[PDB]
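Scroll down for the structure; my scribbles are underneath it.
Each chain carries a letter (A, B, C, D, E, F, G, H, I, J, K, L, M, N, O, P, Q, R, S, T and U) given by its place in the written order, and its residues are counted from 1.
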Amino acid sequence: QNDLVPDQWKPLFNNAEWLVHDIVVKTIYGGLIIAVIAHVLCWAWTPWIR
Amino acid sequence: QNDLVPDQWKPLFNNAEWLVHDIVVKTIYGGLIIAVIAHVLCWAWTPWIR
Amino acid sequence: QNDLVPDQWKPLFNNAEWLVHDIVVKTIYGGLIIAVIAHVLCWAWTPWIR
Amino acid sequence: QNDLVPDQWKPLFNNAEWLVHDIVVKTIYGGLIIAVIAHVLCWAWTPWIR
Amino acid sequence: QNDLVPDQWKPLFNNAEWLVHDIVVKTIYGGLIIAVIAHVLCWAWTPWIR
Amino acid sequence: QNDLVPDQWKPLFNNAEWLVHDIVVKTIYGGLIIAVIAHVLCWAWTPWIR
Amino acid sequence: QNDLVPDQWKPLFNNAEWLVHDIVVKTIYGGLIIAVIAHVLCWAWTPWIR
Amino acid sequence: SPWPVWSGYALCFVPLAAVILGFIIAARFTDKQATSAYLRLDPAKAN
Amino acid sequence: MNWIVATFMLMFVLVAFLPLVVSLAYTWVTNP
Amino acid sequence: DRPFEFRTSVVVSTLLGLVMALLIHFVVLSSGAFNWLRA
Amino acid sequence: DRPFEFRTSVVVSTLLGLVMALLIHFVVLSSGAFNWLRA
Amino acid sequence: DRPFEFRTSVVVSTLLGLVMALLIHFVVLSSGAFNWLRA
Amino acid sequence: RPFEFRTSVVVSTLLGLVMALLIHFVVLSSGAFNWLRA
Amino acid sequence: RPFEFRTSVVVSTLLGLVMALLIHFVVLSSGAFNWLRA
Amino acid sequence: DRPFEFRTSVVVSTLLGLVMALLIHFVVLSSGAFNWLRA
Amino acid sequence: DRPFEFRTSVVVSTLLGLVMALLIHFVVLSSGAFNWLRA
Amino acid sequence: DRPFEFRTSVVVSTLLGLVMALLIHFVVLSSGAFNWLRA
Amino acid sequence: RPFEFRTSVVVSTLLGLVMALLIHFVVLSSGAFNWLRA
Amino acid sequence: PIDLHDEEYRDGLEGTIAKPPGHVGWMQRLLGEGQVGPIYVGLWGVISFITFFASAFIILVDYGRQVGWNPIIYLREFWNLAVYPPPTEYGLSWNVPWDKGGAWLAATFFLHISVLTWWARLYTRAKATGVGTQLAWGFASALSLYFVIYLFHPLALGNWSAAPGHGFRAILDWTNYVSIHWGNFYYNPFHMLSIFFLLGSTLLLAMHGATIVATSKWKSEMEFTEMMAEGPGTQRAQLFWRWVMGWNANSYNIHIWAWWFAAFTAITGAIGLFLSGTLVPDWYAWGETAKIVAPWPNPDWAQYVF
Amino acid sequence: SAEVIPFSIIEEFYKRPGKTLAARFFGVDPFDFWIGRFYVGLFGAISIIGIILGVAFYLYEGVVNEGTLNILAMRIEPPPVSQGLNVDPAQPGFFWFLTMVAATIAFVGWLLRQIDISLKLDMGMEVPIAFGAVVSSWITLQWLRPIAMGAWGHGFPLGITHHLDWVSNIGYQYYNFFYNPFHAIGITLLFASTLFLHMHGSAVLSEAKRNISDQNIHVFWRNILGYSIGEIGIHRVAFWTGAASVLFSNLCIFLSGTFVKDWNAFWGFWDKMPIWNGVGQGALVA
Amino acid sequence: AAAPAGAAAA
C-alpha cells in the first residue's frame, strides 16, 4: 500500500490515490498557465478596468 | 490479469481496461487534430474576434 | 468460446460477439461511404457555407 | 437442434430461429421492392427536390 | 400430439395451434379481398391523388 | 367432459364451453341479420355517401 | 494514531487531521494576504468612502 | 325573507350535519374496537 | 421594502426546513 | 337465523324519519306558500 | 337480551332534545315574527 | 396448458363490440347528417 | 420454444385494430370525401 | 447467447413502424403533394 | 472482468446514431435553406 | 484500492463531451455571427 | 481516520470548476463589453 | 468518528463561497465601478 | 394453492420479463429495499401499453407540427405546447380538421381504452395472487372523476371545448377557466367537501407514517403480523394517541380510515364538477341566496394595490 | 407467546413519572399527572389557556362588534395597513390580534406537549417534526410575512367562508399563481400524498383476514409496477412527503409579496437564453 | 381466540 507514498503523507494517501493526485495537480498547473496567457491576451485586446 | 499493463500502472489498470484505454486515447488524439483543422478553417472564413 | 477471435482480443470477445462485431463494422463502413456520396451531391446542389 | 443451421452460424441460431429468420428476410426483401416502386411512382408524379 | 403439423414446422406448432393458425390465415385472406374491393369502389367514387 | 365435442376440437373445447359457444354463434348470426336490415332501411331513408 | 500531534492537542487532533489542519491554515493566510492587496488596489483606483 | 333557498339545505347543511355525525360515530366505534381484549404480547416479557 | 427584515424572515422560512433534512440524514447514516 | 337484527331496523327507520321531517319542514318554511313565521 | 342499553337511550334522547331546543330558539329569533329582543 | 381460453375471448369480443356500438352511435348521431331527434 | 403463437396473435390483432381506427379518424378529419357531411 | 432473436425482432419491428408513421405524418402536413386535400 | 459488455455498447451507439440522424434531418428541414419539401 | 473505476470515468467524459458539443453548436447557430444555414 | 475522502474532494472540485467556468463565460458574453460573437 | 473539524471546514467553505458570489453580484449591478462596461 | 415462485418467474405472454432482478444501492439504504423486477407482461398489459403509446405518439407529433418541425423551438416551447379540443362553433361533432380538434379526439379515445385496460390488469393480478381486490375499486373511484372531466361534463354541456387540452400548462389554464366561467368555485359546497377530504388525507398520511417510524424500534411496521398479536410498538402507538387525543385505533382500522378518506375525495369532486355547469351556472350568486356569503361593505383595498 | 390482555394492564404498565422537558429543566414537572385519559403537564396548561381565550375572543369579535348570529357571515379582520405594526385597544382589529396570539400559544403548547409525551414513552421525534411543519406554515402566514411586508393588515381574516376571499384576492393580485414553481411543487406533493395513502390502505386491507403468507403483497406489487418498496419504506415515504408538501408551499406565499410582484413576468428569462433565442420566424420568434 | 382484526380464529 503505502510504498510509493512519501513518509510524510503515508497516513493520508494510498498507492493509487497518490498517482491520481499527481495527475490532477499536473492538469491544474497546465490549466493555470493557459489561463494566465489567455488573460494577458484578452487584456492586450480590450482592457476591462477603465 | 496484470500482464500487459506496465508495472507503474498495475494498481490502477487491467488487460482489458488497458486495451480500451489505448483505444480511447487514440480516438481523443484524432478528434483533437480534426478540431484544430476545423477552427483554423472557420477563422479563415470569418474571424469571430473583432 | 475464445477460439475464432484473435489472441490479442481474447479477453474481450467470444465467437458470437466477434461475428456480430464484424457485421456491425461492415454496416458502418457502407453507411459512411453512402453518407460521403450524399454530402457531395448536396453540396453540388446548393452549398450551405457562404 | 442445429442440423439445418450452417456451420458458421451454429453458436447463434437454432432450427426454429433459422426458419423464422428466413421468413423475416423474405418479407424485408419484398417490402424493399415495393418501396422502390412506390418511390419511382411518386417522383414521376411530383418531384420533391427542386 | 404433433401429427397434423408437417415435419418442417414441428418445433414451432401444435395441433390446436395449427388449427387456430389455419383459421387466422383464412380470415386474413378473406379480409384482404374486401379491402381491395373497397379501395376500388372508393377510387371510382372520388380519386384521392391529383 | 370432452364427450359432445367433435374429436377435432377436443384439445380446445369442453362440454359446457361447446354449449355456450353454440349459443354465442347463434346470437351473432341473428345480430348480423338485424344489422343488415337496419342498414338497408337507413340507406333507403337517406344515403350517407354523396 | 497520535504520535506527531503535540501532546497539548492530542485529545482533539489525529495524525491526518493535523496535516489537513495545517494545509487549511496556510490557505487561509494566503487568501487573507491576497484579499488585502486587492482591497488596497481597488481603494487606490476609486475610493468608496467620501 | 330571511330563509335560504331549498338548494341551501340540499347541498350545504344536510351534508355538513352528515359529515359531523359520521365522524363522531366512526370515532366512537373505532375507539370501542381498539380498547377491547384480544391477543397481545405480554408487556412484562416483551420489554 | 427594508431588505434586512425581509432577509431575516426568509432565513427563518429556510430554517423551518431543518428537522426534515436531519431526519433524512439520520436515516442515511444509521442504515449502512 | 333471521336476515336482519331488530336494532338495525330501529336505527335505520328512526334516522331516516328524523332527516325527512327536518328536510320537509325547512323546504315548506322557505317557499312562501303559507303565512307561517312571517314578519 | 335487550336490543339497546339504557345509557345509549338516555344520551341520544338528551342530546336530541337540547339540539332541537337550540335550533328552534335560533329560528324563531331570526324569523322576526315576534317582538322579543328588538332594540 | 391450454393455449387459448374460451372465456377470455368471449370477454374481450363482447367488450369490443359494446365499445364499437357506443362510439359509432355517438359519431353518427352527433354529426347532423341524419334527421334524428330534432327539436 | 422461442416464439409463442398466442403473443403473435394478440400483437398482430391489436396492431391491426389500432391502425384501422387511426386511419378512419384521419380520413374523417381530412374532409376530402363527402361521407358524413351535414 | 449474447443477443436474443426475439428481442431484435421486436425492437426492429417497432422502430420500422414508428418511422413509417412519422414520415407519413410529416409528408401529410408538409403540403407539397396534392394528397387528401379538402 | 470486462469494462463494458458488447450488448450495452451496441444499444447505446445505435440509439445515439438514430437520435442524431433525426435531429439533423429536422434542423435541415426547418432551416429553410434547401428546397426539399416545399409548397 | 482505486478511487474511481474506468467505466465511470468513460461514461462521465463521453456524456460531458456530447453535452458541450451540442451546447456550443446551439449557441453559435443562434448567435448569427456566421452565415451557415440561412434562407 | 482521514477526515475526507479523495473521491469526494475530486468530485466537488471538478463540479465547482465546471459550474464557475460556465457562469463566468455566460456573464461575460451577456455583458457586451467585448466584441466576441457579434453580428 | 468526531464531527467538529469536518463540520467547521464545510461550513466555512460554504459561507465563503456564498459571500463571494453575493458580494460580486452586488458590486457588479451597482455601477459604482467601471468593471464590465460596454 | 398458489405458487409464488411460478407467479413471479414464468415465461410466455402470461409471464414476467426482466427475469434476473436488478439492485439499486441508494434505494436499499434509504427505503430498505432495492430489488427491481421482474414485471408481469400478460394480457391486459400489452393493450394498455400499445394504446397509451398510440395516444402519446399522436400528441408529440402534433406538437412537432405546430412548432414547424424545428427541434430547437420544440425544446424551447415544450412546456407551453398543447392540443386543444374543437372550439365552441362545433358542438360534439367529430368532423373537425386535424389541426383544430381531430387529434385531441383520437388521442383521448385511446387514453380511455388504456385506463380501462389498466383497471382490468389490477383486478386480475390481484385475484391471481392470494390478495383481495381493493386497489381496483380505489382506481375506479379515481376514474369516476377522470370520466366526468373528459367525457360526461362536456356531453351534458354540449361541446368538446369544455375539456382540458393535452399539455403541461393546459391543465392549469383549464382549472382557471372553469373556475372563472361558473361564478367562483370557492362557493361550491362539494368543492369544500373535496378539500376537506384531501387535506384530511394528507394529515392522516403524515400522522400514520410518523407514528410508525417513531415506534419502529419494536418492529411495528410489520403490520401483517401485528394483526394477529400486538407487541410493544403498537401498544406504545396506541398509548401515545390516547394520551394526546383521548382516543386511538388499531393496527387494522387505521388503514380503513385511510382507504375511505382517500376514496371520498374523488367522488365528492366528481359530483361537484358535474353540477358546476348544468344546474348552478353561478356559485357566488347561489351562495348569496343560500346565506353563506359575508357582507363586506367597506373593504380596505390599500392591501391589494401596488 | 400471546394471550388475551384487557388493555388495562397495558395502560398501567407504561405509566411512569417525570421524564419530560420541564422535568429536565426545573428538576420537576409542576402539573405531571393525568386527567381522565389526557396527560396534563406543563405546556398542557398553557395550551388550554390559549384555547379557551382564543375561542372566547373569536366569538366575542363575531357575535358582538358585528351583530350577527350567522356563523358563516362573520369577518374577523385585522387592522388596516395604514396602522402599520401598531396595536391599539381603541381601534378595529384588536380582537383579531388577541385571537391570533392566543392561537399561536395554543399551537406551540400542543407541539411541546407532543414532545413531552414522546419522551415519556421512549419514542422517536417524528410526530413533533411533522406537526411542526404545519405550525411553521401558520407562523409564516400570520407572523413572518406581515412583519416583512410591514403591517399587521397583511394577515388573513379568520372568518369561515371569508378567509377564502383573502385567498382569492391574494392569488389574483400576483397573477398567475399557478405559474409559481413552489406552488406547483406543493400541489404535486399533495396529490402524491393522497395517492400514496389510497395505495397503502388498499394494500394492507387486501391481505388482512386470509390464510396467506406475508410475501404475497410483495409479489403483487412487483407484478404490477416492477418494484415493491417494503414495510418501513412506505411509512417513511408517507412521513417525508406529508411534511415536504407544506414545507415547500411556505416559500411561495412568502416570496409572493416581498421579492416578486408578478408570476407571469417571472418566466420572461426563459426565451432570452442564448441557446435558443433568435432561431424562429414570425410568430415563432423569441 | 379474539384477534386484533375483529376475528375469532380457533
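Observations on the model:
Heads up, the rule we're going with is that a residue touches a chain if its C-beta (ideal position, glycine included) is under 8 Å from a C-beta of that chain, and two chains touch if they have at least 3 such contacts.
Contacts with subunit J and subunit U are shared by H.
Rotation angle relating subunit L to subunit Q: 120°, from a CA superposition, given to the nearest 5. Set against one another, H-S and E-F show the most C-beta pairs in contact at H-S. Centre-to-centre separation of subunit A and subunit D, using mean CA positions: 57 Å. In whole angstrom, the spacing between the mean C-alpha positions of subunit N and subunit U is 61. Annotation: 75 Å between the Cα-based centres of subunit J and subunit Q. Note on chain placement: the centre of subunit B and the centre of subunit F lie 71 Å apart, centres being C-alpha means.
Subunit L has residues 3-4, 27, 31-33 in contact with two or more other chains. In subunit E, the positions touching at least two other chains are 11-12, 16-17, 20, 45, 48-49.
Annotation for subunit S: residues 30, 32, 43, 68-70, 72-73, 94-95, 97, 109, 227-230, 235, 238, 247, 250, 252, 257, 291-292 touch two or more other chains. In the complex of the two chains, the subunit T residues touching subunit S come out as 1-2, 10-11, 14, 34, 36-39, 70, 72-75, 80-82, 113-114, 117-118, 121-127, 129-130, 153-154, 159, 161-162, 164-165, 167-170, 173, 176, 178-179, 190, 193-208, 210, 212-217, 219-220, 222-233, 235-243, 245, 261, 270-271, 275-276, 279-280, 284. By the touch rule above, subunit C contacts subunit B in their complex via residues 9, 11-12, 49. The touching residues of subunit E, counted against subunit M in their complex, run 11-13, 17, 20-21, 24, 42, 45-46, 48. Residues 189-190, 193, 196, 218, 228-232, 235, 238, 247-250, 253, 257, 280, 286, 289-292 of subunit S are the ones that touch subunit H when the two sit in their complex. Contacts from subunit K toward subunit H in the complex involve residues 30-32.
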